[PDB]
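Each remark here refers to the structure printed beneath this line.
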Protein chains: 2
Amino acid sequence: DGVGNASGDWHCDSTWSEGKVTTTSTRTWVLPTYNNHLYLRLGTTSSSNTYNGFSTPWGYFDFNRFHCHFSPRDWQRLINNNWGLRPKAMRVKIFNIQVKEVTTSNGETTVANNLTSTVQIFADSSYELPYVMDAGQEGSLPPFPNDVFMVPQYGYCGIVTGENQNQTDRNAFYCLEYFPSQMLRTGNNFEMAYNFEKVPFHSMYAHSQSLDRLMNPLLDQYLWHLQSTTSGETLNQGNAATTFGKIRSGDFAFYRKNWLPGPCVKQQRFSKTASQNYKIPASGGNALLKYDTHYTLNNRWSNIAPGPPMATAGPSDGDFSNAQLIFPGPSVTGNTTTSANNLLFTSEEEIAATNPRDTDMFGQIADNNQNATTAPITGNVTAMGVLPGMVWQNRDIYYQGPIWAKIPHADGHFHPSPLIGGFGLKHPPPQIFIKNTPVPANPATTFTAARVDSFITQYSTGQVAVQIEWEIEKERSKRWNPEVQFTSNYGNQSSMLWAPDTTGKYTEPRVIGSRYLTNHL
Amino acid sequence: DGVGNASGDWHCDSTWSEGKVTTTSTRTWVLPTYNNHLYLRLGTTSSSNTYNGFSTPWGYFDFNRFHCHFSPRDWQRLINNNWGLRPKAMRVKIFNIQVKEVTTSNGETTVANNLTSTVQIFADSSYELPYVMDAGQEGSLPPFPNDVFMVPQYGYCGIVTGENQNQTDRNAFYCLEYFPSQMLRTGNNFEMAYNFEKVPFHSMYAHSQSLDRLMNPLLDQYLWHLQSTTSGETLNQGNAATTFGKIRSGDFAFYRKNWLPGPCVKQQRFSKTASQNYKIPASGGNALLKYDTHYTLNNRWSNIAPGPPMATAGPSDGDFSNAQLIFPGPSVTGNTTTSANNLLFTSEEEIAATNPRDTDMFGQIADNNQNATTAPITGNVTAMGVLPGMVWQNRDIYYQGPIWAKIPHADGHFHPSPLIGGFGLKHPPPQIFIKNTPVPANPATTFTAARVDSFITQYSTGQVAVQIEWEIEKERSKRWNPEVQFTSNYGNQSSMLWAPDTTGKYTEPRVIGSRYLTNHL
């Protein structure tokens, strides 16, 4: 519309309705020029870290974390009152564009606003580009609305053959300029809308019943079983008579059951006390990567991280495994720490009702057929696939964690739910790409056909607004006694938690999940 | 609309109608960047000064004083001709926005206007934020229309537990960016409207009658009373006979009366002559805070300041108490003075008809039941609540004082009128918040997820207009002789009072209240 006319307004709120909540949040961004306006191929030959790909001049908006869209109070309203959550619609606006040219002269930089410069924006609706937005990486909106964030650079990997960097003829190059874009000056604004495909509600609740306890504790089964092959409490001694008996109440472990616990992939267990662990190197002949549970994909090890949902130790427990996500705590110098107390550990232990424990076996199975001569042998089940009549609970969604993921495009998928967390989507929210259009510097007066390298140094800033409509289930329980709630128990604090400190810094003190209200199997 | 098109006009006038006056005033403001765009928590552990809270990047418009909306002549038209005043409607405009970027280079600052920068403005209509606008503090429009004022920074306290700074889980953090705002460039303008809830007229008048004199001085009552228990003028001597008598005229003190004087909280009295006061420290073991009348709220002393309305010494009298408001006079160095003649003292003495004196007791009450053996004992009433059949007069509104206050949100309130002065409102005029939107400085070329600290230094200026509709009562008295008026008696002056001086400085020479015209009980 105009230079001196604002192209949008600031909107950040949540509005709660009967069956739905609509959260809006606005942020301020700054977009640098990446790679001097030019694509660059990436790669390194590493034993398991081997990768190859392309970094692009473009940058993109990552909307996928829950604290982008929710405050800590709104997250409390949600999880305390509701059994389920799923996203419905999404809407995005990019407005109040400002492009700034900078001038380095006489050892000092001055910034002026270039009014005729443009910025390019397109959302990829057809999913034609590699989708990196679900990778669980950085570059999303800040949790706190006053923060200004930097738009992350876009890049993508490609199929790696073995442990060697080198590309083959299968590798694709995608040129972002080969899509149609929208070019925006300071008067122009961008907008798009999106609809989520129907997806099961995330279950925000814990079970108040175990699987193996689903029976009536008063009654007996009409089913019989073999109690023992001999008299006495000692093995391989007795009168050698087979005793059959009815299954009476009080001895549930022998009840015949309709269902089974969920699948397992065992994890290696580590103690938070440093002296209580076996000494393992970070890198070398024996890596910690070797001793963790990994999968070999094309001669490349990769952790199973978290892996299939499995019950975990409590957040405060003195042991952890890779089945637990780890977030930085309130006070961290960054990139390293020697103490687990600085870290904030996730725990799935609420799902211990239906699911086997990450660091413990699924069960034990007979390895032979006994006879009078041969004693029975059983053995541990470390990894178990799904079986008919098996039930399991998904991993929990967190306030700091990802909302969705893109289901890979493949001829088969089983229970398409993301192992980090959230909502598997075949057509997730489309990636929105933005770059500063190049402005050439002063050209030569004669003609040359070499591409022009010299460019005016610029960056742009602006405002971005996101609106997601969510759909929620109200808890409908006949439970008498009070349910557990998410409360602030933090007590007497010199400086308020979940608020800026004396220096203005805002951090998130705790990891908070969605499962508080109980329900029954 | 446009860069080179003005978004509003200058309007300052009052327009008087039969039952109403509509005053408009326009000012020029300047808005700095506060706290480098970031919230900061505040607090200090003090014995009674203990506080905790948050200072915000935002700033706000304080419209609450009378001289914002009135000139000294308009204030004279009002109070001389009218018994009552109440506000009706209010309207606010913020226009002619100008955002200026500043550059410090080579030891000198240059200012340029950034045309694509925005400013954010929202009024809080739902009273969701802490309301600091009624606190009787600085940061309102200047009295004199040529002055340019600086928009005050916004901040708020929180519930303090005891004498300790530390917050508890009850303390709230409010993020202003979590409201919807309006973003304005130089072409854009802001506007809002507001309606006052029905409120009793402030009574601009003094009583021409005392309570205890409401009788007919000619007649006698038909009521009798006990005149004395003995003969003679000396106590505990006489003939010990009970004498009853009719209540004759001329001895009014014994008249039976339908009504009582207003409540009291006694104040400590101080003489303006320094030698005539008892020596008390400002701070130490014995504070002057201890010896003034205070209330203990959660182990924290606070003055009763002014407190319930009570008659006071005259403005020129040689003694004062905390029941009298104090304003700076025409000539003050600021923040301190050793002489009361520099200060301008408020006086409530007009209400001495219905109200007890601030430094004197409500009365005296019998402490025992006398008999022949025991002499009667009475004792002073320093503090008295309201009683059935009690009448009182509110504190006066001044030209320099607050217009309204927000009635706290609580399950009970008694006679909700602000003890400083003005109009108690449940939904007062909403606070209007304004800040400079951040413009990031030159970002790094690589990507980092830390929030961007570096910012372009900016400020904005503009114009703000306020229009309040007022409702007034015309005096309707049958009084014969002339009433007291507010006149300029200042006499021969080298430099005109109520006008700028030779140096351009404008001050307010006197404290002027609203009560001149008499009325009768």
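Simple scheme: letters A, B, ... for chains in structure tokens order, numbers from 1 for residues in each chain, numbers from 1 for ligands in the order shown.
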
* **Selection: 7 Å around residue A:398, only C-alpha atoms, excl. self and same-chain fewer than 3 positions, as a PyMOL selection string** => chain A and resi 401+512-514

Now that the selection is made, can you save its residues with C-alpha atoms as a short mmCIF file (atom, residue, chain, number, x, y, z; two decimals), in the first residue's frame?
data_model
loop_
_atom_site.label_atom_id
_atom_site.label_comp_id
_atom_site.auth_asym_id
_atom_site.auth_seq_id
_atom_site.Cartn_x
_atom_site.Cartn_y
_atom_site.Cartn_z
CA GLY A 401 8.92 -30.04 22.07
CA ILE A 512 6.24 -29.88 31.43
CA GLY A 513 4.30 -32.59 29.64
CA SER A 514 0.66 -33.00 28.83
#

* If we count only C-alpha atoms, what is near residue B:125 at a cut-off of 8 Å, once residues fewer than 3 positions away on the same chain are taken out, given as a PyMOL selection string? -> chain B and resi 128+430-431

* To do: Write out as a PyMOL selection string all residues of stretch 199-448 of chain B that DSSP puts in strand (DSSP E) for this structure's backbone.
  => chain B and resi 202-203+206-207+224-228+243-246+264-265+270-271+294-297+300-303+319-320+326-328+343-345+363-366+378-381+383-384+404-406+423-425+432-436

Output as CSV one row per residue of chain A within 7 Å of chain B: the closest atom pair and its distance in Å to one decimal place, counting only C-alpha atoms, sorted by chain and residue number ascending.
residue,atom,partner,partner_atom,distance
A:3,CA,B:116,CA,6.3
A:4,CA,B:187,CA,5.1
A:5,CA,B:187,CA,5.4
A:6,CA,B:185,CA,5.5
A:8,CA,B:183,CA,6.9
A:9,CA,B:183,CA,5.0
A:10,CA,B:181,CA,4.9
A:11,CA,B:180,CA,4.2
A:12,CA,B:178,CA,4.9
A:13,CA,B:178,CA,5.9
A:30,CA,B:440,CA,6.6
A:32,CA,B:445,CA,5.8
A:33,CA,B:445,CA,6.3
A:34,CA,B:445,CA,6.1
A:98,CA,B:116,CA,6.6
A:138,CA,B:449,CA,6.7
A:139,CA,B:449,CA,6.1
A:145,CA,B:177,CA,5.9
A:146,CA,B:177,CA,6.3
A:147,CA,B:451,CA,6.2
A:148,CA,B:451,CA,5.9
A:149,CA,B:451,CA,5.5
A:150,CA,B:449,CA,6.9
A:152,CA,B:447,CA,6.1
A:153,CA,B:447,CA,6.8
A:488,CA,B:169,CA,6.2
A:489,CA,B:169,CA,7.0
A:490,CA,B:169,CA,6.6
A:491,CA,B:168,CA,5.5
A:492,CA,B:168,CA,4.8
A:493,CA,B:167,CA,5.3
A:494,CA,B:166,CA,4.4
A:495,CA,B:167,CA,6.5
A:496,CA,B:167,CA,6.0
A:499,CA,B:173,CA,6.3
A:500,CA,B:40,CA,6.3
A:501,CA,B:41,CA,5.6
A:502,CA,B:41,CA,4.8
A:503,CA,B:40,CA,6.0
A:504,CA,B:40,CA,4.8

Those residues with N, CA and C atoms, as a CSV table (one decimal), in the first residue's frame please?
chain,number,residue,atom,x,y,z
A,3,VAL,N,4.6,3.4,1.9
A,3,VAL,CA,5.8,3.4,2.7
A,3,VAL,C,5.5,3.7,4.1
A,4,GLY,N,4.7,4.8,4.4
A,4,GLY,CA,4.3,5.2,5.7
A,4,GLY,C,3.0,4.7,6.3
A,5,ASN,N,2.6,3.5,5.7
A,5,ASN,CA,1.4,2.9,6.2
A,5,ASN,C,1.8,1.5,6.6
A,6,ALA,N,1.4,1.1,7.8
A,6,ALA,CA,1.8,-0.2,8.4
A,6,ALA,C,0.9,-1.3,7.7
A,8,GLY,N,0.4,-4.4,8.8
A,8,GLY,CA,-0.2,-5.4,9.7
A,8,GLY,C,-0.2,-4.9,11.1
A,9,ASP,N,-0.9,-5.6,12.0
A,9,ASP,CA,-1.0,-5.3,13.4
A,9,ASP,C,-0.4,-6.4,14.2
A,10,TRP,N,-0.1,-6.1,15.5
A,10,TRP,CA,0.4,-7.0,16.4
A,10,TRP,C,-0.8,-7.8,17.0
A,11,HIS,N,-0.8,-9.1,16.9
A,11,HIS,CA,-1.8,-9.9,17.5
A,11,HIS,C,-1.1,-11.1,18.2
A,12,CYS,N,-1.2,-11.1,19.6
A,12,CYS,CA,-0.8,-12.3,20.3
A,12,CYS,C,-1.9,-12.5,21.4
A,13,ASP,N,-2.7,-13.6,21.3
A,13,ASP,CA,-3.5,-14.0,22.3
A,13,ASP,C,-4.0,-15.5,22.1
A,30,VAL,N,14.7,-11.0,11.9
A,30,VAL,CA,15.7,-10.4,11.2
A,30,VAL,C,16.4,-11.4,10.2
A,32,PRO,N,19.4,-12.2,7.6
A,32,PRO,CA,20.6,-11.9,7.0
A,32,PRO,C,20.7,-12.4,5.6
A,33,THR,N,21.7,-11.9,4.8
A,33,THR,CA,22.0,-12.5,3.6
A,33,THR,C,22.9,-13.7,3.8
A,34,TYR,N,22.5,-14.8,3.3
A,34,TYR,CA,23.2,-16.1,3.5
A,34,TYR,C,24.1,-16.5,2.3
A,98,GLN,N,10.9,-4.4,6.3
A,98,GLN,CA,11.9,-3.3,6.3
A,98,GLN,C,13.2,-3.9,5.8
A,138,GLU,N,16.9,-26.2,15.8
A,138,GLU,CA,16.7,-24.8,16.3
A,138,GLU,C,16.1,-24.0,15.2
A,139,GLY,N,15.9,-22.7,15.5
A,139,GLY,CA,15.4,-21.8,14.5
A,139,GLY,C,14.0,-21.5,14.5
A,145,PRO,N,7.3,-13.5,23.9
A,145,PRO,CA,6.9,-12.6,22.8
A,145,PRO,C,7.8,-11.4,22.6
A,146,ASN,N,8.5,-11.0,23.6
A,146,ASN,CA,9.3,-9.8,23.4
A,146,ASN,C,10.6,-10.1,22.7
A,147,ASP,N,11.0,-11.4,22.6
A,147,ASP,CA,12.3,-11.7,22.0
A,147,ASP,C,12.2,-11.5,20.5
A,148,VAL,N,13.3,-11.1,19.9
A,148,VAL,CA,13.4,-11.1,18.4
A,148,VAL,C,14.3,-12.2,18.0
A,149,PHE,N,14.0,-12.9,16.9
A,149,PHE,CA,14.7,-14.0,16.5
A,149,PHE,C,15.2,-13.9,15.1
A,150,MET,N,16.2,-14.7,14.8
A,150,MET,CA,16.9,-14.7,13.5
A,150,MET,C,16.4,-15.8,12.7
A,152,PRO,N,16.3,-18.8,10.4
A,152,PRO,CA,17.4,-19.8,10.1
A,152,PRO,C,17.6,-20.0,8.6
A,153,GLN,N,18.9,-20.4,8.3
A,153,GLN,CA,19.2,-20.7,7.0
A,153,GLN,C,18.7,-22.0,6.6
A,488,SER,N,2.2,-24.5,40.3
A,488,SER,CA,3.5,-23.9,40.6
A,488,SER,C,3.7,-24.2,42.0
A,489,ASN,N,4.6,-25.1,42.3
A,489,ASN,CA,5.0,-25.4,43.7
A,489,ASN,C,6.4,-24.8,44.0
A,490,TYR,N,6.9,-23.9,43.2
A,490,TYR,CA,8.3,-23.4,43.3
A,490,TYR,C,8.6,-22.8,44.6
A,491,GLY,N,7.5,-22.3,45.3
A,491,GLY,CA,7.7,-21.7,46.6
A,491,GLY,C,8.3,-20.4,46.6
A,492,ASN,N,9.1,-20.1,47.6
A,492,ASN,CA,9.7,-18.8,47.8
A,492,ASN,C,10.9,-18.6,46.9
A,493,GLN,N,10.8,-17.7,46.0
A,493,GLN,CA,11.9,-17.4,45.0
A,493,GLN,C,12.4,-16.0,45.1
A,494,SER,N,13.7,-15.8,45.1
A,494,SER,CA,14.2,-14.5,45.0
A,494,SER,C,13.8,-13.8,43.7
A,495,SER,N,13.8,-14.6,42.6
A,495,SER,CA,13.4,-14.1,41.3
A,495,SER,C,12.3,-15.1,40.8
A,496,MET,N,11.2,-14.5,40.4
A,496,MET,CA,10.1,-15.3,39.9
A,496,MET,C,10.5,-16.2,38.8
A,499,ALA,N,9.4,-16.0,34.4
A,499,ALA,CA,9.4,-14.6,34.1
A,499,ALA,C,10.8,-14.1,33.9
A,500,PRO,N,11.0,-13.0,33.2
A,500,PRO,CA,12.3,-12.4,33.1
A,500,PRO,C,12.9,-12.2,34.4
A,501,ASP,N,14.3,-12.2,34.5
A,501,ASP,CA,15.0,-11.9,35.7
A,501,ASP,C,15.4,-10.5,35.8
A,502,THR,N,16.2,-10.1,36.8
A,502,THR,CA,16.7,-8.8,37.0
A,502,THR,C,17.4,-8.2,35.7
A,503,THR,N,18.0,-9.1,35.0
A,503,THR,CA,18.8,-8.7,33.8
A,503,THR,C,18.0,-8.8,32.5
A,504,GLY,N,16.7,-9.2,32.6
A,504,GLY,CA,15.9,-9.3,31.4
A,504,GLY,C,15.8,-10.6,30.7

* Which residue, A:226, A:68, A:521, A:235, has the smallest gap to residue A:402 when you use only C-alpha atoms? ->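 Smallest separation from residue A:402 among the options: A:68.
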
* Structure fact -> In terms of only C-alpha atoms, the residue from B:389, B:132, B:258, B:51 at minimal distance from residue B:158 is B:51

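Residue nearest residue A:421 within the list A:31, A:90, A:206, A:397: A:397 [criterion: smallest interatomic distance, only C-alpha atoms].
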
* To do: Tell me, as a PyMOL selection string, which residues lie within 12 Å of residue B:248, counting only C-alpha atoms; anything in the same chain fewer than 4 positions away does not count.
  => chain B and resi 216-225+227+252-256

* Tell me, as a PyMOL selection string, which residues lie within 10 Å of residue A:131, counting only C-alpha atoms; anything in the same chain fewer than 4 positions away does not count. => chain A and resi 124+127+135+154-156+405-406+408+428+430-431

* Asked: Counting only C-alpha atoms, what is within 9 Å of residue A:228, bar same-chain residues fewer than 5 positions away, as a PyMOL selection string?
  -> chain A and resi 241-244

* Asked: Would you give me, as a ChimeraX atom specification, the residues in stretch 158-340 of chain A that DSSP reads as helix (DSSP H, G or I)?
  -> /A:176-178,252-254,274-276,288-291,340

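Taking only C-alpha atoms into account, residue A:316 lies nearest to A:511 out of the set A:193, A:517, A:21, A:511.
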
* To do: Find the residues near residue A:420: any atom within 10 Å, counting only C-alpha atoms, skip ones fewer than 5 places away on the same chain, and give them as number ranges by chain.
  => A: 134-136, 305-309, 323-325, 394-398, 401-405

Serialized selection, C-alpha atoms, as a CSV table (one decimal), in the first residue's frame:
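Writing done, so here's again_9.csv:
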chain,number,residue,atom,x,y,z
A,134,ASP,CA,10.3,-31.6,11.6
A,135,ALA,CA,13.9,-32.5,12.4
A,136,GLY,CA,13.8,-31.2,16.0
A,305,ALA,CA,16.6,-41.9,19.8
A,306,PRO,CA,14.1,-42.0,21.8
A,307,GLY,CA,12.8,-45.0,19.8
A,308,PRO,CA,9.5,-46.7,20.3
A,309,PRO,CA,7.6,-45.4,23.3
A,323,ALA,CA,14.6,-43.0,25.6
A,324,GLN,CA,14.4,-39.8,27.6
A,325,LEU,CA,14.6,-36.4,25.8
A,394,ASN,CA,2.5,-43.0,22.6
A,395,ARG,CA,5.2,-40.7,23.9
A,396,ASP,CA,4.0,-37.5,25.5
A,397,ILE,CA,4.1,-34.0,24.0
A,398,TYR,CA,6.0,-31.4,25.9
A,401,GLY,CA,8.9,-30.0,22.1
A,402,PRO,CA,7.8,-30.5,18.5
A,403,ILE,CA,4.2,-30.2,17.5
A,404,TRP,CA,4.2,-32.3,14.3
A,405,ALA,CA,6.3,-34.2,11.9

* List the neighbours of residue A:359 out to 8 Å using only C-alpha atoms; skip same-chain residues closer than 4 positions along the sequence, and give me the result as a PyMOL selection string. => chain A and resi 266-269+312+321

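Note that atom CA of residue B:50 and atom CA of residue A:487 are 26.8 Å apart.
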